[PDB]
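> Pasting coords.tsv here (TSV, C-alpha atoms and all ligand atoms):
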chain	number	residue	atom	x	y	z
A	1	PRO	CA	112.16	39.58	62.14
A	2	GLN	CA	109.91	42.01	60.28
A	3	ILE	CA	106.33	40.80	60.26
A	4	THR	CA	103.91	42.35	57.75
A	5	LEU	CA	100.19	42.30	58.71
A	6	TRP	CA	98.48	40.83	55.67
A	7	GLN	CA	97.67	37.77	57.74
A	8	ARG	CA	97.39	37.34	61.54
A	9	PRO	CA	100.76	37.67	63.34
A	10	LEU	CA	101.01	34.13	64.73
A	11	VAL	CA	104.35	33.04	66.18
A	12	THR	CA	105.63	30.01	68.10
A	13	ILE	CA	105.83	30.19	71.90
A	14	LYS	CA	107.24	27.70	74.34
A	15	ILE	CA	105.56	27.66	77.74
A	16	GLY	CA	105.63	24.99	80.41
A	17	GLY	CA	107.69	22.83	78.09
A	18	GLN	CA	105.28	22.81	75.16
A	19	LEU	CA	105.35	24.51	71.76
A	20	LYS	CA	102.16	26.47	70.98
A	21	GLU	CA	101.03	29.23	68.67
A	22	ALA	CA	100.19	32.67	69.83
A	23	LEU	CA	99.04	35.96	68.35
A	24	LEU	CA	101.27	39.05	68.80
A	25	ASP	CA	98.63	41.56	69.84
A	26	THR	CA	99.63	45.20	70.41
A	27	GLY	CA	96.06	45.94	71.43
A	28	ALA	CA	96.19	43.63	74.47
A	29	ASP	CA	97.59	45.08	77.72
A	30	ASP	CA	97.97	41.56	79.01
A	31	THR	CA	98.73	38.03	77.89
A	32	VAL	CA	95.79	35.62	77.78
A	33	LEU	CA	96.29	31.95	76.91
A	34	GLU	CA	93.88	29.10	76.30
A	35	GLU	CA	93.30	26.69	79.20
A	36	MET	CA	96.41	24.82	80.38
A	37	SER	CA	98.00	23.58	83.62
A	38	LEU	CA	100.72	25.96	84.85
A	39	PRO	CA	103.07	25.79	87.86
A	40	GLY	CA	102.55	27.84	90.98
A	41	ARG	CA	99.69	29.56	92.75
A	42	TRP	CA	97.16	31.47	90.67
A	43	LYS	CA	94.74	34.35	91.51
A	44	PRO	CA	91.23	34.71	90.09
A	45	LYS	CA	90.72	37.88	87.97
A	46	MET	CA	88.62	39.38	85.17
A	47	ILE	CA	89.80	41.08	82.01
A	48	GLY	CA	87.64	42.86	79.48
A	49	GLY	CA	87.72	42.99	75.70
A	50	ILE	CA	85.50	43.68	72.71
A	51	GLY	CA	82.53	41.54	73.75
A	52	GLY	CA	82.78	42.05	77.50
A	53	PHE	CA	84.46	40.31	80.45
A	54	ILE	CA	85.82	36.75	81.03
A	55	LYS	CA	87.14	35.17	84.19
A	56	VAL	CA	90.82	34.21	84.21
A	57	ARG	CA	93.43	32.54	86.52
A	58	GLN	CA	96.46	34.81	86.97
A	59	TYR	CA	99.92	33.25	87.15
A	60	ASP	CA	102.86	35.51	87.90
A	61	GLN	CA	106.51	35.18	86.92
A	62	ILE	CA	105.99	32.54	84.23
A	63	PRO	CA	108.82	31.98	81.70
A	64	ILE	CA	107.91	32.03	78.02
A	65	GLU	CA	109.97	31.76	74.88
A	66	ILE	CA	108.54	33.77	72.02
A	67	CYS	CA	110.22	32.75	68.75
A	68	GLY	CA	113.23	31.72	70.78
A	69	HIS	CA	113.36	34.98	72.87
A	70	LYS	CA	112.95	34.45	76.64
A	71	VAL	CA	110.52	36.56	78.67
A	72	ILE	CA	109.09	36.15	82.18
A	73	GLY	CA	105.92	37.80	83.37
A	74	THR	CA	102.27	37.46	84.27
A	75	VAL	CA	100.16	35.03	82.27
A	76	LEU	CA	96.32	35.04	82.46
A	77	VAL	CA	94.66	31.69	81.70
A	78	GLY	CA	91.04	31.33	80.68
A	79	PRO	CA	88.33	30.68	78.07
A	80	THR	CA	90.04	32.54	75.20
A	81	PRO	CA	89.56	31.36	71.59
A	82	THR	CA	93.29	31.82	71.03
A	83	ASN	CA	96.59	32.58	72.69
A	84	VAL	CA	97.27	36.33	72.86
A	85	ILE	CA	100.76	37.73	73.66
A	86	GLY	CA	100.24	41.18	75.12
A	87	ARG	CA	102.28	44.30	75.75
A	88	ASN	CA	103.43	43.05	79.10
A	89	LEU	CA	105.52	40.46	77.24
A	90	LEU	CA	105.99	42.13	73.85
A	91	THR	CA	107.99	44.93	75.53
A	92	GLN	CA	110.44	42.31	76.79
A	93	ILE	CA	111.45	41.16	73.34
A	94	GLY	CA	111.78	44.78	72.32
A	95	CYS	CA	108.83	44.39	69.95
A	96	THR	CA	107.93	47.60	68.05
A	97	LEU	CA	105.42	48.83	65.45
A	98	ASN	CA	107.00	50.57	62.46
A	99	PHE	CA	105.74	52.62	59.51
B	1	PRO	CA	107.93	56.05	63.43
B	2	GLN	CA	109.08	53.05	65.49
B	3	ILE	CA	106.62	52.76	68.35
B	4	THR	CA	107.41	50.89	71.58
B	5	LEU	CA	104.75	49.10	73.60
B	6	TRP	CA	105.28	50.39	77.14
B	7	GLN	CA	101.92	52.20	76.87
B	8	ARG	CA	98.96	51.55	74.56
B	9	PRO	CA	99.85	52.49	70.95
B	10	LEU	CA	97.25	55.31	70.59
B	11	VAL	CA	97.39	57.61	67.54
B	12	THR	CA	95.38	60.40	66.03
B	13	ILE	CA	92.90	59.47	63.35
B	14	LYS	CA	90.86	61.98	61.33
B	15	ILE	CA	87.65	60.74	59.83
B	16	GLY	CA	84.81	62.79	58.42
B	17	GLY	CA	86.47	65.97	59.56
B	18	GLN	CA	86.37	64.65	63.16
B	19	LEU	CA	89.61	63.98	65.05
B	20	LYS	CA	89.80	60.96	67.35
B	21	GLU	CA	92.19	58.51	68.95
B	22	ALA	CA	92.50	54.85	68.15
B	23	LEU	CA	94.57	51.89	69.19
B	24	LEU	CA	97.01	50.36	66.65
B	25	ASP	CA	95.83	46.77	67.09
B	26	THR	CA	97.77	43.96	65.39
B	27	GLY	CA	95.49	41.52	67.19
B	28	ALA	CA	92.39	42.94	65.39
B	29	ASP	CA	91.50	41.72	61.87
B	30	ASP	CA	89.25	44.73	61.40
B	31	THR	CA	89.06	48.39	62.39
B	32	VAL	CA	86.30	48.97	64.90
B	33	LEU	CA	84.94	52.42	65.81
B	34	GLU	CA	82.40	54.18	68.01
B	35	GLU	CA	79.47	55.70	66.06
B	36	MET	CA	80.97	58.02	63.43
B	37	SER	CA	77.59	58.91	61.89
B	38	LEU	CA	78.94	57.96	58.46
B	39	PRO	CA	76.88	58.61	55.29
B	40	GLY	CA	76.02	55.76	52.98
B	41	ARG	CA	74.75	52.22	53.23
B	42	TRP	CA	76.17	49.58	55.60
B	43	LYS	CA	75.90	45.87	56.21
B	44	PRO	CA	75.28	44.47	59.64
B	45	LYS	CA	77.64	41.77	60.93
B	46	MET	CA	78.96	40.16	64.09
B	47	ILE	CA	82.58	40.26	65.24
B	48	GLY	CA	84.09	38.80	68.35
B	49	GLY	CA	86.83	39.61	70.77
B	50	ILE	CA	87.86	38.35	74.15
B	51	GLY	CA	84.57	38.18	76.05
B	52	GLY	CA	81.97	37.42	73.42
B	53	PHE	CA	80.49	38.95	70.29
B	54	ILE	CA	79.13	42.34	69.27
B	55	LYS	CA	76.90	43.60	66.46
B	56	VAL	CA	78.48	46.22	64.21
B	57	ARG	CA	77.59	48.12	61.00
B	58	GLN	CA	80.07	47.75	58.16
B	59	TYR	CA	80.95	50.82	56.03
B	60	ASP	CA	83.23	50.37	53.02
B	61	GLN	CA	85.45	52.89	51.20
B	62	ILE	CA	85.80	55.21	54.20
B	63	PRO	CA	88.51	57.86	53.78
B	64	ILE	CA	90.50	57.91	57.00
B	65	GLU	CA	93.68	59.59	58.07
B	66	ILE	CA	96.15	57.88	60.43
B	67	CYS	CA	99.36	59.71	61.49
B	68	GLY	CA	99.33	61.86	58.36
B	69	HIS	CA	98.81	58.73	56.24
B	70	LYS	CA	95.61	58.79	54.12
B	71	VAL	CA	93.91	55.43	53.59
B	72	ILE	CA	90.55	54.14	52.43
B	73	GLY	CA	88.99	51.09	53.94
B	74	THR	CA	86.23	49.28	55.69
B	75	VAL	CA	85.29	50.61	59.13
B	76	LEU	CA	83.12	48.58	61.47
B	77	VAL	CA	80.96	50.72	63.78
B	78	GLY	CA	79.57	49.45	67.06
B	79	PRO	CA	79.74	49.08	70.89
B	80	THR	CA	83.49	48.85	71.32
B	81	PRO	CA	84.89	50.31	74.59
B	82	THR	CA	87.72	51.79	72.51
B	83	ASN	CA	88.64	52.59	68.86
B	84	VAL	CA	90.76	49.93	67.18
B	85	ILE	CA	92.78	50.28	63.93
B	86	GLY	CA	92.95	46.69	62.71
B	87	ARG	CA	95.22	44.92	60.20
B	88	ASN	CA	93.01	45.92	57.31
B	89	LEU	CA	94.25	49.51	57.77
B	90	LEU	CA	97.59	48.85	59.44
B	91	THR	CA	98.70	47.22	56.15
B	92	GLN	CA	97.65	50.29	54.16
B	93	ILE	CA	100.12	52.43	56.11
B	94	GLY	CA	102.95	49.93	55.71
B	95	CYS	CA	102.87	48.98	59.41
B	96	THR	CA	104.94	45.98	60.53
B	97	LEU	CA	105.74	44.27	63.88
B	98	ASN	CA	109.50	44.20	64.46
B	99	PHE	CA	111.83	42.57	66.97
C	1	LIG	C1	93.19	40.42	75.70
C	1	LIG	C2	92.92	41.70	76.50
C	1	LIG	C3	94.06	41.92	77.50
C	1	LIG	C4	91.58	41.65	77.21
C	1	LIG	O1	92.91	42.88	75.57
C	1	LIG	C5	92.02	43.06	74.52
C	1	LIG	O2	91.06	42.34	74.24
C	1	LIG	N1	92.38	44.21	73.83
C	1	LIG	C6	91.55	44.47	72.63
C	1	LIG	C7	91.29	45.98	72.48
C	1	LIG	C8	90.33	46.53	73.49
C	1	LIG	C9	90.79	47.19	74.63
C	1	LIG	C10	89.90	47.62	75.62
C	1	LIG	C11	88.52	47.40	75.46
C	1	LIG	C12	88.06	46.76	74.32
C	1	LIG	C13	88.96	46.33	73.35
C	1	LIG	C14	92.20	43.92	71.31
C	1	LIG	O3	91.34	44.15	70.22
C	1	LIG	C15	92.46	42.41	71.41
C	1	LIG	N2	92.82	41.88	70.12
C	1	LIG	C16	92.11	40.68	69.72
C	1	LIG	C17	92.15	39.61	70.81
C	1	LIG	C18	91.60	38.28	70.38
C	1	LIG	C19	92.11	37.65	69.25
C	1	LIG	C20	91.59	36.42	68.81
C	1	LIG	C21	90.54	35.82	69.52
C	1	LIG	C22	90.02	36.45	70.67
C	1	LIG	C23	90.56	37.68	71.08
C	1	LIG	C24	90.66	40.94	69.29
C	1	LIG	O4	89.78	41.26	70.09
C	1	LIG	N3	90.44	40.82	67.99
C	1	LIG	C25	89.14	41.02	67.41
C	1	LIG	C26	88.94	42.51	67.13
C	1	LIG	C27	87.68	42.84	66.35
C	1	LIG	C28	87.83	42.63	64.85
C	1	LIG	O5	88.99	42.64	64.36
C	1	LIG	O6	86.80	42.47	64.14
C	1	LIG	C29	89.14	40.16	66.12
C	1	LIG	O7	90.17	40.06	65.43
C	1	LIG	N4	88.00	39.52	65.82
C	1	LIG	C30	87.89	38.66	64.63
C	1	LIG	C31	88.40	37.25	64.98
C	1	LIG	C32	87.56	36.53	66.00
C	1	LIG	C33	86.41	35.82	65.61
C	1	LIG	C34	85.63	35.15	66.56
C	1	LIG	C35	85.98	35.17	67.89
C	1	LIG	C36	87.13	35.88	68.29
C	1	LIG	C37	87.91	36.54	67.34
C	1	LIG	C38	86.45	38.59	64.08
C	1	LIG	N5	86.32	38.25	62.80
C	1	LIG	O8	85.47	38.84	64.80
Written as structure tokens, that's how I'd like the structure from this file.


Amino acid sequence: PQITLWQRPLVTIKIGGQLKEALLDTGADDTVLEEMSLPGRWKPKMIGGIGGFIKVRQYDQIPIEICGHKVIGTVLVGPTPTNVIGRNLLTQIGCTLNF
Amino acid sequence: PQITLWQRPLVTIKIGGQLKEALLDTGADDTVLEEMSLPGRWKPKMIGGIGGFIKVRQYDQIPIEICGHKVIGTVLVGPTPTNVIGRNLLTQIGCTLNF
């Protein structure tokens, strides 16, 4: 699809069996999702953004379907206001910026 | 261009004669920059990211050049670790997310 940016680029994602909404963010190196129970062992880590650092639980090799397209990669879980799909996953659906 | 996301989408931006680099951020509503010592009045405001909130100064009608594309828009100046071209300016250059 071609998504114009007049409004926030929110798309449907399916993770851990549930449908959620997530923001396609080209400015995020990583994927950060709101609190949720995920399978497997996690590692504590810290990522930084505009207002500083937050603590996150890192899950590796998690499968996610972004608008029907399957991807598998690291997912960081923590106190984020909203789900952010980052470059680590965007590259897997062949997502590109065009102008 | 059609830009892939294997590395941060950094581009050249010219503003007030000064050349700089900024991140094409589809996850940012606004364009946020380091101090650009811009002339004119501004309005203080708060914006947030991952990690908390920051205080910025809002400057409207700023002539800015992005990849040879000339646009005019609101620039928010403040303590951001990196320059961000948000959707307010990404739309002005006809930028879309595609996959
Ligand atoms: C998620 C990780 C992996 C940590 O990456 C970044 O945060 N990368 C940031 C760039 C950066 C790199 C290095 C250092 C510093 C900054 C992007 O801006 C991330 N894009 C979104 C992520 C996001 C979206 C939604 C909620 C939380 C976080 C963002 O910060 N967007 C801000 C950018 C600033 C701006 O546009 O004004 C935004 O849209 N803020 C809105 C929406 C908002 C409001 C309240 C709270 C949170 C967000 C606002 N009006 O303040």

> Kindly provide, as a ChimeraX atom specification, all nucleotide and amino acid residues lying within 7 Å of ligand LIG 1 (chain C), counting all atoms listed in the file.

/A:25,27-32,47-50,80-82,84,86 /B:25,27-32,46-50,80-82,84,86

> Write out as an MDAnalysis selection string the residues lying within 6 Å of range 17-24 of chain A, counting all atoms listed in the file and excluding same-chain residues fewer than 4 positions away.

chainID A and resid 9:13 83:85

> Mind fitting chain A onto chain B over all Cα atoms in sequence order and sending the result as a short mmCIF file (atom, residue, chain, number, x, y, z; two decimals) with C-alpha atoms, in the frame of the given file?


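And here's out-v3.cif as it stands now:
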data_model
loop_
_atom_site.label_atom_id
_atom_site.label_comp_id
_atom_site.auth_asym_id
_atom_site.auth_seq_id
_atom_site.Cartn_x
_atom_site.Cartn_y
_atom_site.Cartn_z
CA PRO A 1 107.72 56.53 63.56
CA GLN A 2 108.93 53.78 65.88
CA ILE A 3 106.42 53.11 68.63
CA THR A 4 107.58 51.17 71.70
CA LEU A 5 104.87 49.25 73.62
CA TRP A 6 105.34 50.33 77.22
CA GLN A 7 102.02 52.12 77.00
CA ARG A 8 99.03 51.55 74.66
CA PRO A 9 99.78 52.49 71.02
CA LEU A 10 97.27 55.33 70.64
CA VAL A 11 97.57 57.54 67.56
CA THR A 12 95.50 60.33 66.00
CA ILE A 13 93.06 59.46 63.20
CA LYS A 14 90.96 61.74 61.07
CA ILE A 15 87.68 60.26 59.89
CA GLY A 16 84.60 62.00 58.57
CA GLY A 17 86.30 65.32 59.21
CA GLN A 18 87.01 64.81 62.90
CA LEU A 19 90.20 64.12 64.84
CA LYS A 20 89.94 61.09 67.16
CA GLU A 21 92.23 58.69 68.95
CA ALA A 22 92.60 55.11 68.00
CA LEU A 23 94.56 52.07 69.12
CA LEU A 24 96.93 50.39 66.60
CA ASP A 25 95.97 46.77 67.18
CA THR A 26 97.85 44.02 65.32
CA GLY A 27 95.55 41.47 66.93
CA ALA A 28 92.42 42.86 65.23
CA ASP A 29 91.62 41.60 61.71
CA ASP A 30 89.27 44.51 61.30
CA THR A 31 88.78 48.12 62.30
CA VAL A 32 86.11 48.81 64.93
CA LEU A 33 85.24 52.37 65.96
CA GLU A 34 83.00 53.78 68.66
CA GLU A 35 79.53 54.95 67.57
CA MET A 36 79.52 57.77 65.00
CA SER A 37 77.56 58.90 61.93
CA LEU A 38 79.32 57.90 58.69
CA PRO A 39 78.43 58.52 55.03
CA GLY A 40 76.97 55.86 52.80
CA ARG A 41 75.00 52.66 53.19
CA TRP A 42 75.97 50.27 55.97
CA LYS A 43 75.44 46.48 56.45
CA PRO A 44 74.68 44.81 59.78
CA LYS A 45 77.38 42.31 60.92
CA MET A 46 78.88 40.62 63.98
CA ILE A 47 82.52 40.40 64.99
CA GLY A 48 83.94 38.39 67.85
CA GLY A 49 86.66 39.12 70.37
CA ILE A 50 87.84 38.12 73.83
CA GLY A 51 84.49 38.31 75.62
CA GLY A 52 82.28 37.20 72.75
CA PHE A 53 80.32 38.86 69.92
CA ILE A 54 78.97 42.42 69.34
CA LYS A 55 76.76 43.72 66.58
CA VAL A 56 78.29 46.29 64.23
CA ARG A 57 77.32 48.46 61.18
CA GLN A 58 79.73 47.87 58.29
CA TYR A 59 80.75 50.80 56.11
CA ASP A 60 82.91 50.11 53.08
CA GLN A 61 85.41 52.34 51.30
CA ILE A 62 85.74 54.91 54.08
CA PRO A 63 88.76 57.27 53.99
CA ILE A 64 90.84 57.58 57.14
CA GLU A 65 94.00 59.46 57.94
CA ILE A 66 96.15 57.67 60.48
CA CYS A 67 98.85 60.03 61.79
CA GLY A 68 98.59 61.91 58.53
CA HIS A 69 98.76 58.74 56.30
CA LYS A 70 95.68 58.20 54.10
CA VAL A 71 93.96 54.81 53.93
CA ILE A 72 90.56 53.74 52.58
CA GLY A 73 88.79 50.57 53.60
CA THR A 74 86.02 48.94 55.57
CA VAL A 75 85.10 50.44 58.93
CA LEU A 76 82.89 48.56 61.45
CA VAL A 77 80.92 50.80 63.84
CA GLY A 78 79.48 49.60 67.12
CA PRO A 79 79.50 49.42 70.94
CA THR A 80 83.30 49.26 71.34
CA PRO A 81 84.98 50.80 74.41
CA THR A 82 87.61 52.30 72.12
CA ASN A 83 88.62 52.87 68.53
CA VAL A 84 90.66 49.95 67.15
CA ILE A 85 92.67 50.24 63.88
CA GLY A 86 93.01 46.74 62.50
CA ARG A 87 95.17 44.91 59.99
CA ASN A 88 92.88 45.81 57.15
CA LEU A 89 94.08 49.41 57.54
CA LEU A 90 97.47 48.93 59.20
CA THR A 91 98.73 47.13 56.06
CA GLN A 92 97.94 50.27 54.05
CA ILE A 93 100.33 52.46 55.98
CA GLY A 94 102.94 49.74 55.69
CA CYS A 95 102.79 49.18 59.45
CA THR A 96 105.14 46.41 60.70
CA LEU A 97 106.15 44.72 63.96
CA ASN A 98 109.91 44.62 64.57
CA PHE A 99 112.23 42.90 67.04
#

> Just need the residues of chain A within 7 Å of chain B, counting all atoms listed in the file, so spit them out as a PyMOL selection string.

chain A and resi 1-6+23-27+48-54+80+87+91+93-99

> Provide the CA of residue 15 in chain B to CA of residue 44 in chain B distance in Å, to one decimal place.

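Taking CA of residue 15 in chain B and CA of residue 44 in chain B, their separation equals 20.4 Å.
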
> Just the number, please: distance in Å from CA of residue 16 in chain A to CA of residue 64 in chain A, one decimal.

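Answer for the CA of residue 16 in chain A to CA of residue 64 in chain A separation: 7.8 Å.
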
> What does the structure give for the distance between CA of residue 78 in chain B and CA of residue 59 in chain B, in Å to one decimal?

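Answer for the CA of residue 78 in chain B to CA of residue 59 in chain B separation: 11.2 Å.
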
> Out of B:45, B:14, B:73, B:56, which residue has the shortest atom-to-atom distance to residue 33 in chain B when counting all atoms listed in the file?

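Closest residue, counting all atoms listed in the file: B:56.
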